[PDB]
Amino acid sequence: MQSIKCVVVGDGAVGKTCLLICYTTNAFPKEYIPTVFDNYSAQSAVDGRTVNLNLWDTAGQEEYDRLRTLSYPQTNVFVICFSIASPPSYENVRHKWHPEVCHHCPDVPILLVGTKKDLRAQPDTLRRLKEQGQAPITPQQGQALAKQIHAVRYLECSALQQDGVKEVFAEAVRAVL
């Protein structure tokens, strides 16, 4: 049984932590608590095989930027996240996150994840983003970003609706298995 080091990165508040909590317990936390660094460990069977999935949670706030990069060495697969309700986090992927990961870990597979998919058609999110001249990120937009950064896969999910979180990490292990 092999072990897989999986590191989740993305802008602050995109939902990287809730993602890991939903996959681990199916819970959803009450408040936004910024992450410094946290670890989760899980046994998961993918295509009839079992692996040790060692999930490293990462900080998305700029205060902890360099701290985040100290977790990178020997990462087997990166999960890069952006909020479907935050285009800014969408742009930072190809301009900030993909460059940073590639630099510290070239040739390490990258899985691209659009989180908070349930907010794509919510009135409040639509109005707010409308004032600034933007709309929730489109499925086509995600694919264009995944191609541009050579992500092994593009996935959309919602920890709040428990929709697609399992598949996200099943694909993380596959990318390296």
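Residue positions are given as counts along the sequence shown, with the first one as 1.
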Checklist entry - Do the CA atoms of 39-47 or those of 134-142 have the higher mean B-factor in the entry? => result 39-47
Checklist entry - Would 148-156 or 59-67 have the larger average of its C-alpha temperature factors, as given in the entry? => result 59-67
Checklist entry - Which of these, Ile110, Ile33, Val113, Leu53, has its C-alpha atom at the highest B-factor, as the entry lists it? => result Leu53
Checklist entry - Thinking about Cα B factors across the chain, which third does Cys6 belong to? => result middle
Checklist entry - Lowest, middle or highest third: where is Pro88 by Cα B-factor in its chain? => result lowest
